[PDB]
Amino acid sequence: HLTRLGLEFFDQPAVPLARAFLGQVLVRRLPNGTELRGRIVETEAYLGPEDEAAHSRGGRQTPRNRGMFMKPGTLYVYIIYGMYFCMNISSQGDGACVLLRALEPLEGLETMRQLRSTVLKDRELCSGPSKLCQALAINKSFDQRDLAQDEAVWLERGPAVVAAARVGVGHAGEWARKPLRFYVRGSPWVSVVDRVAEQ
DNA sequence: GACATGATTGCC
DNA sequence: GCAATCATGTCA
Ligand code: NA
């Protein structure tokens, strides 16, 4: 609470926000009062209407993705492949948000392991957008919550960034190629390294 | 109402 | 290399 990043932090455009997320710690307070912690090491920016890789492309706006259009810091959690969740945080700009792709586990590792068992090496706990949601017990109920004012989840300030193309956007179009994915260089917790982009 | 599909994960 | 599994986006 005293460390929780507030409203002013989130009110930034997608790219600066996605880059600013690196190093920050995502915290999840479970019912047993225990708190799980993960330092963000990989994120992706979705610019909005012009961004053909975003759900909000062409100004598309529905009840499912309303979060992207809500105040910065508002969560947009959705179900993919009818089996996994993806956690995004609305940024400045309607239809713009930041997807979280990987965290470096810091605390509550044992609970995460249990959560993701449905023996896992720590490297398999949060190395992915859906894995991290599973590891932190994030689900559809976290959709549209305010990361700056929620009792169960918040971001804390943390004490070389690689910019690469996003994952699972395809190999067609200028937007699929744009370097809108950012992660901690040399980090062993990133979900997908891009040796090419690192050079 | 119907029908194609996914910013993944993980086993063959 | 590809199946799992179903809410959502579209078209009607
Ligand atoms: Na937004």
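Chain A is the first sequence line, chain B the second, and so forth, proteins listed ahead of strands; every chain is numbered from 1. For the numbers below, each heavy atom of this structure counts, side chains included, while hydrogens, waters and symmetry mates do not.
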Q: Taking only residues two or more places apart in sequence or in another chain, which ones pass side-chain hydrogen bond (donor to acceptor under 3.5 Å, both in side chains) with A/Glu104?
A: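 side-chain hydrogen bond (donor to acceptor under 3.5 Å, both in side chains) check on A/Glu104 returns A/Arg39.
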Q: Report the distance from atom CD of A/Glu124 to atom P of B/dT8, rounded to the nearest whole Å.
A: 17 Å
Q: Can you list the residues that meet the side-chain hydrogen bond (donor to acceptor under 3.5 Å, both in side chains) rule with A/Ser187, with sequence neighbours excluded?
A: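 Partners of A/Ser187 by the side-chain hydrogen bond (donor to acceptor under 3.5 Å, both in side chains) criterion come out as none, since no residue qualifies.
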Q: Report the residues that fulfil side-chain hydrogen bond (donor to acceptor under 3.5 Å, both in side chains) with A/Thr111, sequence neighbours left out, ordered by chain and then residue number.
A: none
Q: For chain A and DNA chain C, what are the first and last nucleotides along the strand, 5' to 3', with at least one atom under 4.0 angstrom from a heavy atom of the protein chain?
A: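 Boundary nucleotides touching chain A, in 5' to 3' order, are C/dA4 to C/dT10.
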Q: Determine the interatomic distance between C1' on C/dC2 and the same-named atom on B/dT5; round to the nearest Å.
A: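 Comparing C1' positions in C/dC2 and B/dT5 gives a spacing of 16 Å.
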Q: Taking only residues two or more places apart in sequence or in another chain, which ones pass side-chain contact (heavy atoms from CB on, under 4.5 Å) with A/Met83?
A: none
Q: Taking atom P of B/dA7 as reference, at what distance in whole Å does atom CD1 of A/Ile138 sit?
A: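 Distance, rounded to whole Å: 19 Å.
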Q: Quick one: the dot-bracket string of DNA chain C, using Watson-Crick and G-U wobble pairs with both distances under 3.5 Å, [ ] for crossing pairs and | for bases paired to another strand.
A: ||||.||||||.
Q: Identify, with sequence neighbours excluded, every residue that meets side-chain hydrogen bond (donor to acceptor under 3.5 Å, both in side chains) alongside A/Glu8.
A: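 For A/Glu8, no residue satisfies side-chain hydrogen bond (donor to acceptor under 3.5 Å, both in side chains) once neighbours in sequence are set aside.
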Q: Would B/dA4 and B/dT5 be classed as stacked, given the thresholds of under 5.5 Å between six-membered ring centres and under 30° between planes?
A: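 Stacked: B/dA4 and B/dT5 meet both the distance and angle limits.
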Q: Checking A/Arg157 side chain against A/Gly23 main chain: does a donor-acceptor pair fall under 3.5 Å?
A: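 Answer holds: no.
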Q: To the nearest Å, give me how far apart CE (A/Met87) and P (B/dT8) are.
A: 16 Å
Q: Grab the CZ-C1' distance between A/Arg60 and B/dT5 for me, whole Å please.
A: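 Going from A/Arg60 (CZ) to B/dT5 (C1'), I get 14 Å.
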Q: With a cutoff of under 4.5 Å between side-chain heavy atoms, which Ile, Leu, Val, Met, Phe, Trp and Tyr residues group with A/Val167?
A: A/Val192
Q: Could you check A/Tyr81 against A/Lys140 and say which one's nearest nucleotide on DNA chain C is further toward the 5' end?
A: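 Checking each residue's closest nucleotide, the 5'-ward one belongs to A/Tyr81.
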Q: Strictly by modelled atom types, are A/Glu44 and A/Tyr183 linked by a side-chain donor-acceptor pair under 3.5 Å?
A: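 Distance-only check fails for A/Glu44 and A/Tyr183.
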Q: Can you sort out which residues in residues 98-107 of chain A have a heavy atom within less than 4.0 Å of DNA chain B? Ascending by number, please.
A: A/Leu99, A/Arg101
Q: Determine the contact category for A/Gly168: base if any of its heavy atoms lies under 4.0 Å from a base atom, sugar-phosphate if only primed atoms, P, OP1 or OP2 are that close, otherwise nothing.
A: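 Counting heavy atoms under 4.0 Å across all strands, the contact made by A/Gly168 is with sugar-phosphate only.
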Q: A/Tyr81: what forms a side-chain contact (heavy atoms from CB on, under 4.5 Å) with it, not counting sequence neighbours?
A: none
Q: A/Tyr78: which residues meet the ring-ring contact (aromatic ring centres under 6.0 Å, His included) condition with it, sequence neighbours left out?
A: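 Checked A/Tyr78 against ring-ring contact (aromatic ring centres under 6.0 Å, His included); matches are A/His55, A/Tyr76.
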Q: So what does A/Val167 touch, heavy atoms closer than 4.0 Å: a base, only the sugar-phosphate, or nothing?
A: sugar-phosphate
Q: Nearest whole angstrom, please: distance from the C1' of B/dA7 to the CZ of A/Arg57.
A: 10 Å
Q: Within 45° of the six-membered ring axis of A/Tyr46 and under 6.0 Å from that ring's centre, is NZ or CZ of A/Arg166 located there?
A: yes
Q: What is the distance from OH of A/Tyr84 to P of B/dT9, rounded to the nearest Å?
A: 7 Å
Q: Using side-chain contact (heavy atoms from CB on, under 4.5 Å) as the criterion, list what pairs up with A/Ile138, not counting sequence neighbours.
A: A/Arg28, A/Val77, A/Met87, A/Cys133, A/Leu136, A/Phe142
Q: In whole Å, I'd like the distance from the CG atom of A/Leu125 to the P atom of B/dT9.
A: 13 Å
Q: Take the protein atom CD1 of A/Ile79 and the nucleotide atom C1' of B/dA7, then report the distance between them rounded to whole Å.
A: 15 Å
